[PDB]
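So this first bit is one chain, no partners, the form deposited in one PDB entry, shown in structure tokens.
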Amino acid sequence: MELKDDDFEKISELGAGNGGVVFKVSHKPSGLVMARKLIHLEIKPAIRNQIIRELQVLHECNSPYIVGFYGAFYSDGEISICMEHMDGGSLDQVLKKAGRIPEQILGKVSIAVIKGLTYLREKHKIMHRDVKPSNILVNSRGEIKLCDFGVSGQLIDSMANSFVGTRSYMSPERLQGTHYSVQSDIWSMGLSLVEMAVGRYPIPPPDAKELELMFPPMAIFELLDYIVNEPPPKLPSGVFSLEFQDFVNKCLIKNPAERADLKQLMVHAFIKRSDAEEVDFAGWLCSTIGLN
């Protein structure tokens, strides 16, 4: 069925962050609850047609690790992406409630991010371009899915960009120039996992007394200079398994050719161990964020 603006009904607002605002909506003719993201763009009619045309490949992006898509359309200065409503929200939101996400749970997430990225790469020859906790979605069925990946190049271009400034998940190479590709997503995942594991954006790293308590903010140039020139972030020892520690280290190597790739991580000790693990993520999620 084709989706049109007048067939939806707002339920609640899910967020923004930015350019694009996302609401929880009821598609009146199906009865389905969807999450509709509207992106306001001052764009010519020919290239907004290109954006919609390119977005149609989302109908072919079906994977347990990729957020479901319903349809894409243009309304009144806004392009709409109607997708599966993830009743658990983003990992950024669950981290706010959790304070800290456990290692076992982070193993289940890591498995989903690698499998999600492998899917987009193998099946669709596309890179995520923005792997961070808010673009990693969860639900009460215990599902961990990716969204906000760069399926449309023209949309990628049209939405720009640097809306940070105390948190950048950009790899040192992407921060430094045009010399980036799929390896950038590895870094972003690596950084995201350290954040969720420790309970805060890991730059600047925490001191002796800061880590003791757990277990003013930074200027844009200070943070970016840290990323590109200072040694990469690490997981604190003792509190985390050597397997997780090595895994994040492999992800956060500043040299993208030295950095581990999806292939290597997929067979990493940490992943192999998490795959064996019997983890009720669904039950953990609902009890920590307040659902079931």
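Each residue number is its position in the shown sequence, starting from 1. By rigid core we mean the largest C-alpha set that fits within 1.5 Å across both forms.
Note that the form deposited in another entry isn't included here; everything after this is about it.
Colleague: With the two forms fitted on the rigid core, I'd like to know which residue in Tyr180, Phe73, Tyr119, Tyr201 is displaced by 2 angstroms or more at its CA between the shown form and the other one.
Modeller: By this measure, the answer is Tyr180.
Colleague: Inspect the rigid-core superposition and answer whether the C-alpha of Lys28 shifts by 2 angstroms or more between the shown form and the other one.
Modeller: No, its C-alpha moves less than 2 Å.
Colleague: So with the core overlaid, does the Cα of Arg100 end up 2 Å or more away between the shown form and the other one?
Modeller: No, because once the rigid core is superposed, the C-alpha of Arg100 moves less than 2 Å between the shown form and the other one.
Colleague: Any chance the CA of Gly142 moves 2 angstroms or more between the shown form and the other one, core superposed?
Modeller: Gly142: C-alpha displaced by less than 2 Å between the shown form and the other one.
Colleague: Considering a change of 3 Å or more, are the Cα atoms of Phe163 and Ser75 closer or farther in that other deposited form than here?
Modeller: Closer: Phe163 and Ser75 approach by 3 Å or more in that other deposited form.
Colleague: What direction does the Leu91-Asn161 Cα distance move in that other deposited form compared with the shown chain, closer or farther, given a change of 3 Å or more?
Modeller: Compared with this form, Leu91 and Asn161 lie farther apart in that other deposited form.
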